[PDB]
Structure formats: C-alpha cells, structure tokens
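One structure is given below, encoded as structure tokens.
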Amino acid sequence: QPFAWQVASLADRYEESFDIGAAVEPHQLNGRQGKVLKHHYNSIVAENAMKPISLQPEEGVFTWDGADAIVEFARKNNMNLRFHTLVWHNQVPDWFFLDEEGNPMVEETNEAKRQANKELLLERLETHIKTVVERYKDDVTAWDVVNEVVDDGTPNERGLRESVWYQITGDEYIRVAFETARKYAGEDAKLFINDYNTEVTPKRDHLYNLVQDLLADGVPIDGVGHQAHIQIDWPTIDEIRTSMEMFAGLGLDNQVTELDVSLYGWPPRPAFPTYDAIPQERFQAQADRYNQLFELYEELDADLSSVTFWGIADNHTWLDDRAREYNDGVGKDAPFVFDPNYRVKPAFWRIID
Ligand SMILES: [Mg+2]
C-alpha cells in the first residue's frame with residue numbers, strides 16, 4: 001500500500017461536504033505526521049494540550065506552550081481549529097472545586113454556603129473561559145464549550161452526569177460556560193456541546209431534551225459534537241443518522257469530533273497482541289464500515305460541517321490503552337484509514353472513492 005502522502009487528499013475529496021480533521025499532540029507537528037496532516041486535513045484539535053488542567057493547572061498559573069504550538073501549526077498551514085475543551089470532569093484541576101477554606105465544596109452542607117460556593121466556582125469558570133477565549137478567539141473555528149455533561153444512565157430525571165460540576169452547581173455551569181464563551185468569542189463563534197454515545201438512548205434523548213431546555217432559556221448553543229468512538233457494527237448507521245437528524249431539526253449543527261472505528265467490541269477483549277496479528281478480514285470489515293459511514297456523512301452533509309478523527313495513523317491511538325487495559329497489558333487496535341507506518345488501509349480507498 002502507498003504512503004498516505006501519495007494518495008488523494010481527504011480534505012480535497014470532501015471539501016464540498018465538510019472539514020476533515022485530526023486530534024494532534026505538540027510533538028506530532030513535524031516529520032511524517034506533519035506531512036500527513038498538511039496533505040490530508042484542513043482542521044485540527046488538541047488531543048490534550050487544551051483541556052482545563054493543561055491550561056490553568058494552578059489558579060492564575062497558565063501554561064500555554066502546548067496549545068500555542070498547535071495553534072501556530074494551524075495558522076501557518078491555514079487549517080481550522082476546534083478547541084477541546086473549556087469544561088470537563090476529567091483532566092481538570094482540583095483547585096476549581098475547593099472553597100476559600102481549602103475544603104472541597106461538595107462537602108459543604110450549609111445551604112447558604114453551598115450557594116456561595118456555586119457562585120465562586122462559576123466565577124472561576126468565567127475567568128478560565130475568558131482568559132482562554134481572549135487568547136485564541138481568532139484561531140478557533142469551533143468550541144467544545146462543555147464536554148460529557150450527559151450521563152450514560154438516568155441518575156436524575158434529566159439524565160445529567162452528576163460530576164463535581166453538577167453537584168456544586170446543578171446545570172448552571174453549562175449555562176455559564178456557553179454564555180461566557182459567546183460573550184468573549186463573539187456572535188460568530190460556533191459553540192458545541194460534545195459527548196460520546198450520542199447515537200444511543202436514553203443518553204441521546206437526555207442530550208436532546210437538555211439542548212431544547214437550554215435553547216428555550218436563551219443559552220447560546222450552535223451545535224452538537226458527536227465523539228463517534230464507535231465499532232464496526234455498533235452503533236447502527238440508522239442510529240447515527242437519527243441522532244444527527246434530531247439535532248439538525250432543532251437548528252443545531254453537527255460535527256463528528258473524535259472518530260475512531262475500533263476492530264473490537266466492548267470491552268475490547270480479546271484483542272490481538274500486535275498489529276501483524278490482525279487478520280485481513282478485520283481490515284475488510286472495517287473498510288465496509290467506513291464506506292457506509294462516510295456515505296452517510298455525505299448524505300447528511302447539509303447538517304454536518306466537520307468530521308475529525310481522534311488521531312492520525314494507527315501508531316498512535318488511545319484505543320491501544322483500552323486494549324492493553326483489558327488484555328493484561330498487551331493489545332493493539334487499528335481505528336484509522338492509515339496504518340502504523342502511515343500506509344493507506346483498505347478503509348482509505350473506500351472513503352476516497
Ligand atoms: Mg465509498
């Protein structure tokens with residue numbers, strides 16, 4: 001199979017439908033990775049460099065190096081940039097949720113004091129968002145304002161994930177994150193609520209009702225980010241379609257934000273020990289899946305503005321961690337259309353045609 005830079009550009013192929021993006025790390029902006037990026041994509045997102053704890057690890061202490069390098073890459077290569085992410089319950093500094101006495105706010109029992117912690121947390125969120133937006137508003141083309149605020153089950157009637165943000169502020173942190181993002185980014189900035197398993201119920205319906213409710217109260221939400229951490233047979237093409245159509249019906253835009261097609265089910269066990277151990281049947285099944293997937297994206301391209309892969313080539317993917325985690329430290333997945341050596345896979349040909 002030829003190298004990725006010897007085949008037709010994915011970005012050019014879908015230029016009339018949607019952007020083609022990739023999650024990157026500061027150290028993958030040169031060499032073959034950089035070459036592949038410039039050749040196939042017209043959009044990028046920080047895999048980790050822009051999460052909360054990565055920008056303000058200590059209150060008032062901002063670390064912009066990683067993010068600036070990614071932003072600089074985007075500028076020089078004229079690529080769009082998704083910002084991931086302003087709010088999340090993971091990879092977020094503990095100081096956010098500590099009261100003025102240094103005790104975790106979730107422990108406070110005085111109603112009035114809890115009310116005071118809510119306002120303090122929100123003020124801190126406002127400051128984080130404002131600081132970040134002011135620095136990157138001219139480079140960001142899409143913001144993952146909040147990330148995974150919806151639960152996979154139904155712990156509460158609204159299906160909201162009961163993270164530390166919810167425990168301390170209910171749904172206000174979501175309202176504030178969006179309202180603040182709009183304030184400092186401008187009316188033209190596209191604000192998204194990102195999440196995984198947006199194709200399955202009840203989660204899909206919980207997210208749906210959430211955006212409706214918020215939109216009714218004037219909260220500025222422009223689109224839904226579909227992480228799309230999917231499998232070869234799940235979710236079904238129809239589940240994907242139905243979900244995107246529902247949000248499109250509300251006037252919201254859609255974006256596939258962290259796409260990877262695992263060769264395994266869940267959990268990813270048993271997984272193949274190495275890449276060479278993977279039989280061709282697997283790559284062919286993945287190929288048929290990618291074809292169906294991108295035909296769908298194309299069909300719905302009026303309500304889909306961007307499709308980002310959570311990685312570039314099979315040599316670097318968080319799916320390998322999940323694989324090792326469930327196969328006693330050994331396991332290899334292969335979610336992309338480019339292999340560990342940056343050579344095209346059967347899936348590439350099925351989505352370039
Ligand atoms: Mg095809």
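As the structure lists them, so they are numbered: ligands from 1, and atoms in each ligand from 1. Reckoned from all heavy atoms, side chains included, excluding hydrogens, waters and symmetry mates. The chain is numbered in sequence order, starting from 1.
For residues 203-216, the set of pairs meeting the salt bridge (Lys or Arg N to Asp or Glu O under 4.0 Å) definition, not counting sequence neighbours, comprises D152-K203, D195-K203.
Note that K130 lies in the cation-pi zone of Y184, set by a 6.0 Å cut-off to the ring centre and a 45° limit from the axis.
A side-chain donor-acceptor contact under 3.5 Å links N48 and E25.
Comment: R75 does not engage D138 in a salt bridge, judged by the lack of any side-chain N to carboxylate O separation of less than 4.0 angstrom.
Screening the protein for N, O or S atoms under 2.8 Å from the Mg ion (ligand 1) yields 3; no waters enter the count.
Within the 4.5 Å cutoff, the side chain of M50 has heavy atoms near those of the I70 side chain.
Environment of CD in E16: sparse, with no more than 12 heavy atoms of neighbouring residues, nucleotides or ligands closer than 6.0 Å.
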